[PDB]
Each structure stands twice: as structure tokens, then as C-alpha cells.
Amino acid sequence: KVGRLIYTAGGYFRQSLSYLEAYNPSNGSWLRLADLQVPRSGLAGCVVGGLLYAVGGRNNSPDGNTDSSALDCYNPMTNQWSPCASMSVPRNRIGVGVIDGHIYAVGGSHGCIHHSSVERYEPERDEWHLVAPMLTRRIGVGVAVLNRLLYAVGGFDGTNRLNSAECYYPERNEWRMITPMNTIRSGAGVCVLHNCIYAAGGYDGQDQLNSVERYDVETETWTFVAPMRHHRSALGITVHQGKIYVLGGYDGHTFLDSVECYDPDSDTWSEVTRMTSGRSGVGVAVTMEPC
Ligand SMILES: O=C(O)CCc1ccc2ccc(OCC(=O)NC3CCCCCC3)cc2c1
Ligand SMILES: [Cl-]
């Protein structure tokens, strides 16, 4: 379990960013690592087999806005990024989950298109294939995996921000609605901790949120837990050693540098560190420290 860092990739502040930075919860230190080949915001990060993957997003720059179909792989042993097979379609404001070594890319936008499509990456073959689409088009969707089931939570369908959520059952290649959240949330941080799917922050169509709710997959209920110190939309999120970490986002005024940590045993949030600069729309995941 030792030696793991929280990696943050990409993001947005005035334009899309290429930063790869890694935080060590054990000593508070931050490292700046190899830049992404292409700056991207609205991407997702995940880890398979010790490799960090950056999936999708958009490059916003003064010279254009290009939605990304890219899958890129970072190896901490070499501090190098390598291109992987690209997705069938660009996906900005994507959600990603991993089941049994396979990456699922969910939703996202391509220009004015709001995707319901979903595709699955096989690292051993370096191939993507489409799977069943969701029941709802969703961008800014939160995705997490619990007990080898894939959840897609909230988002924006092109007309309305959503409180709905749905679950993908891989052995039936089928999506089913689950109980909707109590709050409409687009751009929430969604993760899994113990037996619950957590949805932190987001935008409800009127304000950035500090509220946090969790779905118990056995009881099928959503329950609020302690709110974050900061309202945040387009935040990064991950779980590490039994605690949720939220990174950055937008509070309606500032692009935040704050990182908060949720302890489920005390039901409290604490501010633990600051990123090197405020930013939103980052991809976050946890893997071994680099060499
Ligand atoms: O339209 C809605 O309902 C809300 C839209 C939404 C939802 C999720 C996002 C996730 C990442 C993401 O990255 C790029 C990103 O930070 N952009 C913007 C968000 C922060 C403030 C405005 C300027 C930058 C964007 C997202 C946008
Ligand atoms: Cl861990």
C-alpha cells in the first residue's frame, strides 16, 4: 500500500492545461512530472496495471477548441507519456470507470453533440469497442465502479442538468435507472468508498454546490453527508486509504487550489493541501510514485 501518490492531470485556468503533478499524502510534497503531449481539460484519469491513463477532454486555447478522442498512458517508471488507441469519438466532460482491467469511457460532448454512447478499452489488445449506450445522454457525468457494476451519475443531457443516475450490468450489456439523487448535479465529483457511490459538489443549474450525497447500493437510497468547506463544480476526485480527496474546481468566483479530504468515520472534511495553482476540470487517479 505504501508509495502511492495522487496524480492530477490537465485542467483549466484561462485555457486548457498540460500539467501532470503528483501529491504525496504521507509528507505533503508535490512533484511536477512530464507534461501531457496535448493540453486538455474535461478529461478523466484512471489507473490500470500501474499505468496512468488520461482519457478524452478538450483543448481550449486562444487558437481553438478541439474535443479529444485521445487515450494516453503515463508510466511512472519512465516519466513518459505514450499514445494509446483513440476512442471512436471525441468526448469532452467525460466520465471513466475501470472494471476488471478494462476502461469504460462514458458520455461526454463533441461540439453540440451530447453522447449517450459508451465504449470499453482492452489494454492487452490496445483496442476500443462500443458497448450498450446509456438510457440518457450525459456530459459532465460522474462515473464510478462498485462491485464490478458501473454507475453514471448526473450530468447534462443538452437541455437539462440531471439528478438521474443509471447502472451498467456488464454481463447483460444493459443499463438500468437507479434511484435519482436528491440534487441536480452536473460536473460533480463521483467516486466509491466502502459500499457507497459518493457525489460531491457540481452545479445544479443555479449555483456551485458544497453538498455531498452517497448512494448505498444495497438500500438504493441517497443520503447527504457533511458538506465540503467549498462550493465546487468541475472538481477532481479520488479515493486513497479510505478517504475521499477533492481537488480544485470552480466556486463561482475563483478557480480553487484547495484540496479537501473526507473521513467517513468522523463524517468530516478537512483541508489538507493546495495545488500549485487553482484549476478546474482535472483528471485524477492514484498510482505508484515515479522514478
Ligand atoms: O453545463 C453544466 O451543466 C456544467 C458544465 C460542466 C460540467 C462538468 C465539467 C467537467 C470538466 C470541465 O472541464 C473544463 C472546465 O473546467 N470548464 C469550465 C468549468 C469552471 C468554470 C467556467 C470555466 C471553465 C467542465 C465541465 C463543465
Ligand atoms: Cl489506496
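Just so it is clear, the values below take in all heavy atoms, side chains as well, and ignore hydrogens, waters and symmetry mates. Sequence positions, counted from 1, serve as the residue numbers for this chain.
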Checking side-chain polar atoms at under 3.5 Å, does [X] have a donor or acceptor matched by the opposite partner on [Y]?
{"X": "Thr223", "Y": "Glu213", "answer": "no"}
{"X": "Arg137", "Y": "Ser117", "answer": "no"}
{"X": "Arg232", "Y": "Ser280", "answer": "no"}
{"X": "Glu119", "Y": "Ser88", "answer": "yes"}
{"X": "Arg214", "Y": "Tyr198", "answer": "yes"}

Notebook entry, point to check: So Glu21 and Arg279, salt bridge (charged side-chain N to carboxylate O under 4.0 Å, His left out) or not? Walk me through it.
Noted result: CA-CA 12 Å; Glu21 293 172 326; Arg279 65 194 77 154; 2.9 Å; yes
Notebook entry, point to check: Can you say whether the rings of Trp175 and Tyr168 are parallel (under 30°), tilted (30 to 60°) or perpendicular (over 60°)?
Noted result: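 Judged by the thresholds at 30° and 60°, the geometry between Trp175 and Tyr168 is tilted.
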Notebook entry, point to check: With under 30° as parallel and over 60° as perpendicular, where do the rings of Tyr262 and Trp269 fit, or are they tilted in between?
Noted result: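 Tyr262 vs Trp269 ring planes: tilted.
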Please check: side-chain N/O of [X] versus main-chain N/O of [Y], any donor-acceptor pairing under 3.5 Å?
{"X": "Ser68", "Y": "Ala70", "answer": "yes"}
{"X": "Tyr7", "Y": "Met288", "answer": "yes"}
{"X": "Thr287", "Y": "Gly50", "answer": "yes"}
{"X": "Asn173", "Y": "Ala132", "answer": "yes"}
{"X": "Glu220", "Y": "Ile178", "answer": "no"}
{"X": "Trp81", "Y": "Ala34", "answer": "yes"}
{"X": "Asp267", "Y": "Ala226", "answer": "yes"}
{"X": "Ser16", "Y": "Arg58", "answer": "yes"}
{"X": "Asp67", "Y": "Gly111", "answer": "yes"}
{"X": "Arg93", "Y": "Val141", "answer": "no"}

Next item on the list: With side chain to side chain donor-acceptor pair (under 3.5 Å) as the test, would you mind laying out the steps for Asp63 and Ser61 before giving the verdict?
Entry: CA-CA 5 Å; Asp63 280 348; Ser61 76; 5.6 Å; no
Notebook entry, point to check: How about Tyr121 and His102: are their ring centroids closer than 6.0 Å?
Noted result: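 Ring centroids of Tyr121 and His102 are no less than 6.0 Å from each other.
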Item checked: Partner of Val55 by side-chain contact (heavy atoms from CB on, under 4.5 Å), out of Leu43, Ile94, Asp72 ->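 Testing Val55 for a side-chain contact (heavy atoms from CB on, under 4.5 Å) against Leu43, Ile94, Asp72 leaves exactly one candidate, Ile94.
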Notebook entry, point to check: Which one of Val225, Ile244, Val246 satisfies the side-chain contact (heavy atoms from CB on, under 4.5 Å) criterion with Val212?
Noted result: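 Of the listed residues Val225, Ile244, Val246, the side-chain contact (heavy atoms from CB on, under 4.5 Å) partner of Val212 is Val225.
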Check: Between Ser258 and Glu271, is any pair of side-chain heavy atoms under 4.5 Å apart?
Finding: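 They are in contact (side-chain heavy atoms under 4.5 Å apart), so the answer is yes.
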Next item on the list: For the residue pair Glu166 and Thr136, establish whether any side-chain heavy-atom pair is separated by less than 4.5 Å.
Entry: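 Yes. Closest side-chain heavy atoms under 4.5 Å.
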Note to self: Restricting to non-hydrogen atoms, name the atom on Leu150 and the atom on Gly97 that form the minimum distance, rounded to 0.1 Å.
What the structure shows: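 That would be CD1-CA, 4.1 Å.
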Checklist line | Nearest heavy-atom neighbours spanning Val96 and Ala105 | finding: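 Heavy atoms only, the tightest pair is CG2-CA, 4.3 Å.
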Next item on the list: Establish, yes or no, whether the cationic atom of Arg176 lies under 6.0 Å from the six-membered ring centre of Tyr169 and within 45° of the ring axis.
Entry: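 Yes, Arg176 and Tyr169 form such a contact.
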